[PDB]
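Chains as they are written, first to last, in the authors' numbering: chain A, 145 to 601; chain B, 145 to 601; chain C, 145 to 601; chain D, 145 to 601. Built from N, CA and C at the ideal position, the CB exists for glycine as well. Everything below concerns the one structure shown next.
There are 4 protein chains.
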Amino acid sequence: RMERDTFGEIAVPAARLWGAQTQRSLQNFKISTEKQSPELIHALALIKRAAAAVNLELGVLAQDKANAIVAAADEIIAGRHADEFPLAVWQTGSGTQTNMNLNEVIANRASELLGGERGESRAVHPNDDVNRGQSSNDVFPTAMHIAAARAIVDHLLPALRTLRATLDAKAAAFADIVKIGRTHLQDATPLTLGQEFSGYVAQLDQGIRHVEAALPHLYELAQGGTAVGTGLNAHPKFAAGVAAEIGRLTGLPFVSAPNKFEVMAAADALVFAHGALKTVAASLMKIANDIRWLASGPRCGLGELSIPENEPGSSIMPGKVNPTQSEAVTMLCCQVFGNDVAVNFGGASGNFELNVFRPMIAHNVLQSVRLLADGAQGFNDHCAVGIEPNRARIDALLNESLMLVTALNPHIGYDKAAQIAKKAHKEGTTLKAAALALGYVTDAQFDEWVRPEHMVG
Amino acid sequence: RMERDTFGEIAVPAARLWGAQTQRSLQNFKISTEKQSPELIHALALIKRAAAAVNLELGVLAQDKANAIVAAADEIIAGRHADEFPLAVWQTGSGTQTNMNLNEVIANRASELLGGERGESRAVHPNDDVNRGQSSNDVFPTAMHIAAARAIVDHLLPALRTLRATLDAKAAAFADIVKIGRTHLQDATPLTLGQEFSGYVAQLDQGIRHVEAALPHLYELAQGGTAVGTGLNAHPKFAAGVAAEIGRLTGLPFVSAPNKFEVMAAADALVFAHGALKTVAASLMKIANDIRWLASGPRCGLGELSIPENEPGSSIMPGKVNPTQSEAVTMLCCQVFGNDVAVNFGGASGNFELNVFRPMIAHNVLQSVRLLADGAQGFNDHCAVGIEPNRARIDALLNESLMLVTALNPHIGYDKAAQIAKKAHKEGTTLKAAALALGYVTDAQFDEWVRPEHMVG
Amino acid sequence: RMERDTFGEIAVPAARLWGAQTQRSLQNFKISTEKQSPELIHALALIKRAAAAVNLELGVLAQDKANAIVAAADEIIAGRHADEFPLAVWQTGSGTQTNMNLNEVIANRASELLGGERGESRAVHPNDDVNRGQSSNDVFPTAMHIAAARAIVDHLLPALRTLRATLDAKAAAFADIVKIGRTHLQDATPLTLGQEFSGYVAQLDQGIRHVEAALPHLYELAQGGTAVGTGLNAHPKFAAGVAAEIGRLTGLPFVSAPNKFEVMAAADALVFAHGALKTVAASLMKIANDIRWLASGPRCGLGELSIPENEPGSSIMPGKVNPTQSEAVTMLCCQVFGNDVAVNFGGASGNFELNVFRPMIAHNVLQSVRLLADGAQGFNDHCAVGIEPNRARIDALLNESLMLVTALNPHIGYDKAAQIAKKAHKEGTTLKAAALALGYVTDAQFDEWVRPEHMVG
Amino acid sequence: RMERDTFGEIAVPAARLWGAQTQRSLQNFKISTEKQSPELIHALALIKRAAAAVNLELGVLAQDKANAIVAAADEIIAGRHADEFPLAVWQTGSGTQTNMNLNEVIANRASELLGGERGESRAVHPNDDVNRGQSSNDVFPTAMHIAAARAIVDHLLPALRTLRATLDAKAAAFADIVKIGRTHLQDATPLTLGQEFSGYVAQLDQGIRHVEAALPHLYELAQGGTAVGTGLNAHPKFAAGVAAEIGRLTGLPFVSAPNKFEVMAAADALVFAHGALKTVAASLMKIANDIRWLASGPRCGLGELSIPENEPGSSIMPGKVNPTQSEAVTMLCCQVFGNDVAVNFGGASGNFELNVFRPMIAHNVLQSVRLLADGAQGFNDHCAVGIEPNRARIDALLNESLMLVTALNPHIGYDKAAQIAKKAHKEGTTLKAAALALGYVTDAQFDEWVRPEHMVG
Ligand code: NA
Ligand code: NA
Ligand code: NA
Ligand code: NA
């Protein structure tokens with residue numbers, strides 16, 4: 145069919161629900177392959193849903209149009225129009241082209257829901273009805289905040305809490321397994337496997353609190369600032385009304401931003417939220433790395449842990465288990481670190497009344513949230529829940545090390561203890577063998593005095 | 145149908161061409177939505193094509209299988225199997241799961257081409273035939289290098305050369321337009337609009353040479369290193385043969401890497417290539433920014449340039465032209481900067497015989513190439529070719545500035561010249577008006593002595 | 145003099161207060177020129193001061209030694225031993241060499257304070273007295289947290305609050321100055337200069353709250369974890385005692401870390417704090433940029449603001465004022481963004497019981513704090529306090545723009561309003577001139593209907 | 145004494161050689177503690193030396209002044225005026241304040257060398273003589289290029305070549321030591337220790353070539369572009385003359401930049417050079433990491449290598465050797481990655497005729513060069529030259545692994561080989577023990593058939 149905009153008319157495939165402007169600009173920006181995320185499209189649709197409800201309640205929009213717009217927005221949110229959003233991330237820096245994409249798709253679909261047709265005859269107008277009371281300039285920042293906040297609360301925090309619960313159950317189960325510490329990669333003072341795991345659990349607790357610290361600023365919505373922040377041409381109740389309705393729809397305490405200029409001229413809440421995300425990435429990197437190192441072998445590595453084997457091995461290559469989950473996590477943590485830089489450059493580069501690096505900022509923040517959430521969940525399900533200690537190997541490393549010699553200090557003094565360690569080292573023997581050789585400690589004394597289970601605090 | 149691997153059997157949709165391992169691991173890594181790029185899948189298929197040809201020539205693979213494998217690989221390369229590669233970037237760090245995806249799809253399709261069926265009855269074996277003489281460990285590094293090099297030569301360099309040609313044609317056309325320089329954002333010494341544009345052209349020339357400097361290392365292929373770099377179990381002629389065949393297929397001087405350990409244990413060629421890409425990003429950022437600033441207005445900005453209007457305006461809002469191409473470019477340049485960090489962290493994090501951050505490294509490098517290439521092309525087509533000078537505005541800024549006062553220095557000395565500038569500034573007048581007021585310069589003298597066209601070198 | 149360690153003896157200049165190990169390792173790490181910051185050295189000295197007091201109170205350290213150690217630590221904190229800390233940042237990753245530097249300097253100086261001598265005869269032992277109850281492994285993380293927290297509270301937050309107060313006083317003063325908005329760099333809807341400034345103020349408020357959100361984790365101290373986190377060989381009251389004493393000394397609510405493993409195996413609090421710092425950097429970049437752009441000229445820029453001239457101009461080059469403070473700030477904001485990446489790579493790279501990227505992490509975090517604090521203060525003092533509006537220029541841009549045409553919409557309808565704007569644009573005239581020409585609006589009507597002061601909400 | 149500038153007079157300590165402007169602006173920029181590097185100050189002095197010589201040769205500068213300026217510049221270059229350059233990096237973005245610092249110090253010192261005095265009576269004028277024919281705008285870019293190029297050629301490349309030679313001598317010495325490979329951290333196919341080391345050597349060769357690829361653009365000098373690139377007010381022979389003289393002084397092929405606008409409006413050569421530097425950082429990270437991992441223990445790590453012990457150990461803690469050199473290198477590699485981001489943001493942020501992020505860009509590039517050069521040298525001297533293989537441990541890991549089972553494939557087939565590996569794994573025995581138990585291979589057959597020395601290509 146032919147759709148129309150202020151430049152004229154243009155053919156749009158009958159099967160598609162977008163209009164003139166989307167079609168026109170689907171030719172101006174063949175840049176790469178990244179498109180707006182479903183999360184972001186859904187957040188935009190939620191704003192359109194909320195605006196229709198509020199505009200109905202205020203008496204400025206007819207009920208039939210309002211209801212059809214709400215129903216169309218709900219279909220988008222339910223995932224039923226996956227193919228109607230074809231535009232690139234690399235577009236207008238305000239996200240205008242994508243705002244128009246929502247307006248046109250919702251107008252065409254709402255028109256069908258009213259018994260009408262797609263295209264120039266439609267009863268619902270993209271700008272005058274779907275976009276009523278809004279500007280591209282205040283809609284897109286609003287959608288960024290909503291998309292990021294909901295992804296954090298509904299996807300990331302629960303995944304982190306699940307992994308935390310698992311590692312804490314493992315910590316409890318491993319509380320009595322004494323192992324050799326490693327500092328600088330070198331044999332060190334003992335601790336329990338449970339204590340080491342309790343570190344990971346605490347890192348997750350800290351990360352969860354840091355991420356939560358990003359929410360209050362994200363909850364502040366630009367909607368109602370209109371073109372430049374002043375609220376010119378907005379209905380006086382729209383800002384508060386839309387924010388309350390978004391709150392009702394999401395279950396989260398969204399509020400109208402106390403300073404519209406700040407949340408339009410800048411995307412600082414996304415910069416800060418991403419700072420929290422890269423803190424989680426640093427923790428997950430460490431956790432994932434420790435686990436793959438501790439499970440390395442089966443015979444020329446550390447060998448302290450066994451992990452589940454996800455993908456089929458060789459039969460000739462037992463018990464070679466590649467730590468695929470740790471590799472996926474460590475890779476995505478690198479991606480989060482890169483994404484932070486892209487967000488930072490964009491966030492820093494606002495000019496005057498509007499930051500126009502927005503589609504890129506949103507693309508990165510939402511990707512980072514998905515990566516960390518799915519990564520934590522997958523690592524939980526396919527690795528962490530099945531971690532097992534190799535108890536004999538752990539205990540052999542512990543007792544064949546040189547590190548337990550400090551237990552002898554009270555009983556024979558530092559110098560003789562040091563003398564035994566040096567001799568075991570030089571000769572390739574156990575501490576016990578060297579201690580017996582020097583005549584400094586009987587077999588029975590060694591066993592009574594050298595108790596790893598008493599050396600862990 | 146039921147397909148089988150060493151863990152057992154698993155259902156695969158009849159409509160799909162992949163096998164047991166792809167299907168199995170399409171459930172282990174539901175991480176986010178990023179999949180391997182077509183560029184990378186094509187480079188992998190090219191290796192399989194080359195291996196089949198070489199293995200035929202060496203006499204180790206039957207002609208019928210070889211021909212069917214080549215034909216299947218060609219179909220993948222022609223874009224006919226877009227839906228047969230469903231795996232995430234966030235997978236095995238070696239890219240093994242994706243190597244298996246190629247082997248299985250090509251085996252199933254080659255089997256059809258031989259008159260056979262998909263699945264367990266197939267005549268072509270994914271590992272024993274499609275993967276003959278190869279390891280996942282040496283295939284994936286090879287494909288990274290090929291994908292990056294071809295994308296650079298076939299996509300990025302031509303786009304950069306096109307933009308360079310356009311800006312140089314503009315430089316020539318604007319060679320006699322004298323304008324006010326700006327340093328620190330402040331009014332400064334004059335230059336021509338052509339000279340300013342010649343800067344952009346030179347930045348593109350420099351960038352093209354820097355990017356070309358990344359090619360020789362990318363041309364070095366790991367193929368033939370097998371599991372750990374030694375070439376154990378490779379046919380002795382395979383490494384050289386495959387590299388020559390990849391050379392023939394691509395038209396580029398690919399060679400067998402002189403040190404297999406280096407191109408397997410590290411992805412340093414990709415790290416370096418991405419260093420070149422972020423240099424281009426810094427240049428494009430500057431170019432894109434200057435152009436949008438110089439075109440800012442229509443009345444409260446700089447106003448020196450007009451740019452084409454891509455997307456329909458308002459009718460009420462002439463001549464407001466949002467610089468959409470500059471916004472797309474500046475955003476993607478931010479993305480390239482982030483991508484560099486992700487590449488760097490991954491590149492730095494190899495252990496012993498294999499770097500296993502590879503799918504992430506490849507994802508970023510290939511994205512950056514696409515962004516810069518399509519970005520440069522779009523900026524060319526939709527902005528640069530239609531840049532026009534606002535000649536009256538440029539000349540008004542020039543002659544109403546305070547900067548031309550230095551022309552008077554030889555004729556009345558520094559102090560009187562400085563005296564005129566200070567008076568024009570204080571009084572809000574032209575230099576000429578102040579010069580006449582002080583009685584230091586006649587009207588006729590001003591016009592004879594103050595010649596911007598002689599102040600540009 | 146000759147000082148001694150377990151490798152033997154080594155000459156130390158008589159004029160210096162350090163000992164064998166510092167001297168020895170002042171030759172092993174001639175890497176570049178960066179040394180530990182005074183902030184970090186002071187935080188280390190504070191720990192030694194606190195340990196001495198606590199160890200005295202517990203009865204394990206003699207009063208004379210305790211008092212001399214406290215007095216020596218105080219001298220370091222007062223800045224009296226600036227030349228006694230010669231080691232590089234690029235040292236042991238645990239900061240051990242620097243811990244030893246504190247122990248040796250304090251031992252030698254305390255020995256002098258007791259009537260003794262520097263060197264091998266000293267009454268105070270670096271390890272057995274100054275380092276009593278401590279490990280390098282738990283001291284350095286403790287000092288990182290203290291140094292970062294105090295620098296945030298005592299240096300950065302007050303500087304940010306001072307700049308915020310100034311910009312808010314400016315906002316109030318400029319509340320009635322109506323100006324042209326700019327979105328995408330293009331002329332847009334009006335707002336007041338005060339409203340625009342209120343955006344900056346709100347960004348600072350947000351940043352201050354985000355930075356404060358980093359403090360609780362920084363307040364958690366590793367001290368008492370000893371070698372690997374377990375607290376082996378620590379006096380049972382030392383951890384709580386030292387944290388309380390650091391609290392008393394600083395006025396801040398430092399506490400013993402609930403999980404020692406987490407704050408030793410990782411530096412995640414510093415990663416998060418730096419995430420807050422780079423959020424402030426993104427805001428300051430925007431603020432500093434807007435101000436220099438708005439002050440650009442004097443005649444070929446935007447020209448809306450005048451800023452103080454710090455450094456002497458030319459006399460021939462009035463009124464060229466280079467925005468030096470904005471340049472310093474924008475440059476240091478770039479540095480903060482880089483520093484974040486270095487912190488992130490280090491933070492992510494802990495192994496097992498100890499993260500050994502610590503001197504580098506600390507160097508970056510503390511540099512970023514200093515840069516942002518001194519930058520905000522300097523920008524306040526030398527730029528922000530003296531910002532003045534160029535009222536005639538602002539009002540001329542406003543009224544000579546095309547943007548005020550929307551005021552006519554209610555009185556003559558959109559189409560005629562749009563018609564006037566298009567004609568002014570095409571002809572190079574004011575809106576009023578075009579409106580009179582078309583006979584759509586009288587002079588008196590224009591003035592009554594087009595009221596910028598009513599178009600700002 | 146009192147010195148004077150266009151704002152008036154100001155006290156300068158009699159002991160210091162700088163003048164009014166340096167003193168004045170030593171109060172405007174108390175930002176943090178970073179000052180211009182000696183490398184950069186020396187490069188600036190070299191330009192002043194070259195300008196004096198050229199200006200003498202052209203007849204525009206008196207011989208006595210020229211000679212005194214040259215002599216003063218030489219003293220600065222010889223390191224004799226370390227305390228005369230007190231300004232911060234965080235200054236004018238053009239580096240003007242630092243250009244003035246050189247002009248004033250050289251003028252005052254040259255005046256002394258002519259029999260005159262420091263201060264207002266001086267015979268040599270900072271601007272009119274020391275800065276003759278130059279602008280701050282073209283001097284600073286010139287000095288950045290010189291400083292970076294010389295640091296690369298004279299400091300970094302030789303250090304990299306020294307480390308490369310050492311690791312290649314080690315590779316040769318270890319060519320017959322067969323060891324277990326590791327991929328994904330897991331036991332893998334064998335290779336020689338020499339082959340593994342040859343990887344590191346090849347990474348260094350590649351890095352050296354990549355760094356060399358940055359030199360031609362760095363050799364292009366802005367000097368002669370004057371204020372905005374046009375060369376207005378430059379002597380027509382100055383650009384070529386100064387570049388030739390800098391070439392003569394340094395031994396390097398410096399040339400006048402073919403496009404002055406490009407090397408003034410942008411610092412793209414520094415962006416690219418830093419891209420090369422971060423490639424070297426990725427390689428050094430890997431090398432340094434592998435070595436510390438391979439030397440980890442003495443008993444609960446990998447244990448394949450011994451490294452020199454730099455700093456004194458414990459006596460009680462043999463043979464615990466912390467890998468301090470690897471820690472210093474890995475930390476500084478993180479710093480280089482961060483520095484790249486700061487350089488990139490600055491490089492991307494030029495406006496119109498001048499990039500004014502220059503002191504920050506230079507600070508980072510020159511720091512990265514020093515870190516990598518001193519890091520490589522220190523790692524060479526204090527680690528690499530003394531690396532020794534633990535031959536018994538290497539051979540025990542090899543022969544007690546499961547990996548050698550593939551040697552049996554030709555002699556008993558895959559299935560029986562796989563059967564032996566599975567049994568050794570399950571039972572905790574050697575492959576030989578399991579092979580004998582199953583009756584599949586005699587003792588004599590095992591030794592004849594399983595030859596690690598034939599499994600390395
Ligand atoms: Na003793
Ligand atoms: Na004069
Ligand atoms: Na109308
Ligand atoms: Na068999």
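The Cβ-Cβ distance between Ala303 of chain D and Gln521 of chain D falls below 8 Å. In the DSSP assignment, the residues bridged to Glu147 of chain A are A:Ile154.
For a Cβ distance threshold of 9 Å, residue set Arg326, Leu329, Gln330, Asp331, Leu446 of chain B lies close to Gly445 of chain C, ordered along the chain. Neighbours of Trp162 of chain D across chain C, judged by C-beta separation under 9 Å, do not exist; the nearest C-beta is about 14 Å away. Exposure of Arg392 of chain B is indicated by the presence of fewer than 16 other C-beta atoms within 10 angstroms of its C-beta.
A straight-line Cα-Cα distance of about 8 Å links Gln235 of chain C and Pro503 of chain C. In terms of Cα proximity to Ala313 of chain D, the closest of D:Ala346, D:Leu329, D:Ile290, D:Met288 is D:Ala346.
Looking at the DSSP output, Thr327 of chain C shares a beta bridge with C:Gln330. For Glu597 of chain B, the closest Cβ of chain D is not nearer than 8 Å. Residue pairing by DSSP places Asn495 of chain B opposite B:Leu498 in a beta bridge. Around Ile221 of chain C, the same chain offers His186, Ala189, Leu190 as residues with beta carbons nearer than 7 Å, after the five sequence neighbours per side are excluded. Taking 8 Å as the CB threshold, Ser400 of chain A stays off the interface with chain C. Against chain D, a Cβ distance below 9 Å from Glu147 of chain C picks out nothing, because the smallest value is about 12 Å. Spatial neighbours of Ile290 of chain D in its own chain (CB-CB distance under 6 Å, excluding positions within 5 residues in sequence) are listed in chain order as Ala187.
Scanning chain B for C-beta atoms nearer than 9 Å to the C-beta of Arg224 of chain A yields nothing, as the closest lies near 18 Å away. In the three-state scheme derived from DSSP, where H, G and I count as helix and E and B as strand, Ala232 of chain A is classed as strand. The alpha-carbon separation between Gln180 of chain B and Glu219 of chain B amounts to approximately 17 Å.
In the structure shown, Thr166 of chain A adopts helical secondary structure according to DSSP, grouped into three states. Short note on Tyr558 of chain C: C-beta closer than 7 Å to some heavy atom of ligand 3. Measuring C-alpha to C-alpha distances from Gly494 of chain B to each of A:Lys567, A:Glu471, A:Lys404 identifies A:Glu471 as the nearest.
Looking from the CA of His361 of chain B, the closest CA among D:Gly368, D:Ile352, D:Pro360 belongs to D:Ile352.
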